[PDB]
Amino acid sequence: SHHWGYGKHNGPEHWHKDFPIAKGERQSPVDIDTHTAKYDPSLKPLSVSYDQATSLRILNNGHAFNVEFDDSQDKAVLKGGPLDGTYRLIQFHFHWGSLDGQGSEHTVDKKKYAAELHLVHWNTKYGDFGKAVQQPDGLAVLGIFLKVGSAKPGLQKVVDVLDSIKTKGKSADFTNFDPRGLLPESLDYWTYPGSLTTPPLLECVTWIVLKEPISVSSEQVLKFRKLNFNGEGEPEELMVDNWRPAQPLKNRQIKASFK
Ligand SMILES: NS(=O)(=O)c1ccc(NC(=O)CN2C(=O)NC3(CCCC3)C2=O)cc1
Ligand SMILES: NS(=O)(=O)c1ccc(NC(=O)CN2C(=O)NC3(CCCC3)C2=O)cc1
Ligand SMILES: [Zn+2]
C-alpha cells in the first residue's frame with residue numbers, strides 16, 4: 001500500500017523507488033526563472049468561471065486537506081490561456097511549511113513562499129478524473145502563492161473548520177464555500193507542462209501559476225500547521241512541510257501571459 005509522505009524516511013527523495021516517473025521528463029514543481037520565461041502572444045485569455053461552484057466536503061487525507069466540489073456537471077470551470085477545451089474544478093488544497101520562509105512547491109527566482117494553493121481541474125473531454133490523469137492534457141492546476149501579511153477574509157471559513165479535521169481520515173461538511181475569495185486581483189500567470197506533485201506523480205498537468213500572491217495572516221497559516229499527518233489516537237506528527245522541492249526543468253519552456 002501507499003506509505004509515501006514528507007518525512008526523512010518516506011519523503012520526496014524516496015518516492016522514485018515506488019514511482020519511477022519521479023525522475024521523468026516533465027515533473028513538477030519547478031523553479032520559475034522570471035528573466036528566462038517569455039511572453040507568449042499565442043496564449044488566449046484565461047477564464048476562471050467559479051460563479052456556480054458547489055463545494056461539498058473538506059477531508060484531511062494525511063498529506064493535506066482537500067476542499068471537494070460537485071464535479072458531476074460544469075459548475076466551476078477553467079478555460080482559455082494555454083488550455084484547449086473545458087476543465088472542471090474537482091478540489092483545492094494547499095502545501096505549506098513549518099516556517100513562513102518555506103512551504104511553496106513552485107519557486108520564483110528560487111524564492112519560496114509560505115504556502116501554495118492548488119485548484120485542481122480535469123479535462124471534461126476524458127469524462128472522469130481517473131481517465132483524465134492518464135492523458136498528457138488531462139488536468140489543469142491553477143497555482144496561487146501565499147505570503148504572510150494581512151488576513152485573507154475568503155480563507156477564514158477554511159481555517160475555522162480545520163479544528164474538526166485535525167487527523168488523517170477525518171472529513172466535515174463544507175458546503176456553500178466560494179473559492180473566488182482565494183484569488184488575487186491579477187490573473188497574470190506562467191504556464192508549463194508538468195505533473196502531479198505527489199505520488200503517483202503522473203505527467204498529466206498543464207500548470208498555470210499566478211504571478212500575484214495572496215496575503216494570509218500569520219494566525220491563518222499557524223492554524224494550517226496545527227493539522228496532523230497521523231490518524232486519531234496516534235502519536236502527533238504536525239502536518240507541516242508537505243511540499244515537494246523544485247524538479248529539473250529538462251526540455252521545457254515556461255511561458256508568461258504578460259508582457
Ligand atoms: N518509495 S516511497 O513510496 O516513498 C516509500 C517509502 C517508505 C516506505 N516504507 C516506510 O519506511 C514507511 N513506512 C513504514 O515503514 N511504516 C509506516 C509507518 C506506519 C505505517 C507504515 C511507514 O510510513 C514505503 C514506501
Ligand atoms: N499537488 S497537485 O499536483 O495539485 C495534485 C493534485 C491531485 C492529486 N491527486 C488526486 O487528486 C488523487 N486522486 C485520484 O487519483 N483519484 C481521486 C479520488 C477519486 C477522484 C480523485 C484522487 O483524489 C495529487 C496531486
Ligand atoms: Zn498540490
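Position 1 is the first residue of the sequence, and the numbers go up from there. Just so you know, ligand 1 is whichever comes first in the structure, and atom 1 is the first atom listed for that ligand. Scope of the values below: all heavy atoms of this structure, side chains included, with no hydrogens, waters or symmetry mates.
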J.: Please determine, by modelled atom types, if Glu237 and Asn230 share a side-chain donor-acceptor pair under 3.5 angstrom.
T.: no
J.: I'd like to know whether the aromatic ring centres of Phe224 and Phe65 sit less than 6.0 Å apart in this structure.
T.: yes
J.: Check whether more than 12 heavy atoms from other residues, nucleotides or ligands sit under 6.0 Å from atom NZ of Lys152, and answer yes or no.
T.: yes
J.: Quick one: name the protein N/O/S atoms under 2.8 Å from the Zn ion (ligand 3), chain by chain.
T.: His93 NE2, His95 NE2, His118 ND1
J.: Taking 4.0 angstrom as the limit and counting only heavy atoms of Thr198, give me the atoms of ligand 2 inside it, by number and element.
T.: 24 (C), 25 (C)
J.: What's the shortest heavy-atom distance between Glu105 and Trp243, and which atoms?
T.: OE2-CA, 3.4 Å
J.: Find all atoms of ligand 1 within a distance of less than 4.0 Å from any non-hydrogen atom belonging to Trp15, and give their numbers and elements.
T.: 1 (N), 4 (O)
J.: Here's a test for you: under side chain to side chain donor-acceptor pair (under 3.5 Å), which of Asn123, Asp74, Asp70 qualifies with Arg88?
T.: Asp74
J.: Do we see a donor-acceptor contact under 3.5 Å between the side chains of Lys75 and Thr54?
T.: yes
J.: Does either side chain, that of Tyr113 or that of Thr107, offer a donor lying less than 3.5 Å from an acceptor on the other one?
T.: no
J.: Side chain, backbone, both or neither: which part of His9 comes within less than 4.0 Å of ligand 1 when only heavy atoms are counted?
T.: backbone
J.: Which atoms of ligand 2 have any heavy atom of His95 under 4.0 Å away?
T.: 1 (N)
J.: Strictly by modelled atom types, are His14 and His9 linked by a side-chain donor-acceptor pair under 3.5 Å?
T.: no
J.: Counting from 1, what ligand 1 atoms have a heavy atom of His14 closer than 4.0 Å?
T.: 1 (N), 2 (S), 4 (O)
J.: Of all the atoms in ligand 1, which lie at a distance below 4.0 Å from a heavy atom belonging to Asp18?
T.: 1 (N), 2 (S), 3 (O), 5 (C), 25 (C)
J.: Tell me the protein heavy atom at minimum distance from atom 23 (O) of ligand 2, and give that distance in Å.
T.: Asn66 ND2, 5.0 Å
J.: Is the distance between the ring centroids of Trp4 and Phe229 less than 6.0 Å?
T.: no
J.: In terms of residue, atom name and distance, what is the protein heavy atom nearest to atom 20 (C) of ligand 2?
T.: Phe129 CD2, 3.8 Å
J.: Note the single closest protein heavy atom to atom 8 (C) of ligand 2, along with its residue, its atom name and the distance in Å.
T.: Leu196 CD2, 4.0 Å
J.: Which atoms of ligand 2 have any heavy atom of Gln91 under 4.0 Å away?
T.: 7 (C), 11 (O)
J.: Heavy-atom pairs closer than 4.0 Å: do any link ligand 2 to the side chain of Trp243, the backbone, both, or neither?
T.: neither
J.: Is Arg57 salt-bridged to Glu68, going by a charged N under 4.0 Å from an acidic O?
T.: yes
J.: Checking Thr191 against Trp207: is there a side-chain donor and acceptor pair closer than 3.5 Å?
T.: no
J.: Please tell me if the side chains of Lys226 and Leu238 come closer than 4.5 Å, counting only heavy atoms from C-beta onward.
T.: no
J.: Decide whether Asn228 and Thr167 meet the rule of one side-chain donor and one side-chain acceptor closer than 3.5 Å.
T.: no
J.: If you measure every N or O of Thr197 against every N or O of ligand 2, does any of those distances drop under 3.5 Å?
T.: yes
J.: Quick one: which ligand 1 atoms are inside 4.0 Å of a heavy atom on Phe19?
T.: 3 (O)
J.: Any protein heavy atom under 4.0 Å from atom 18 (C) of ligand 2?
T.: no
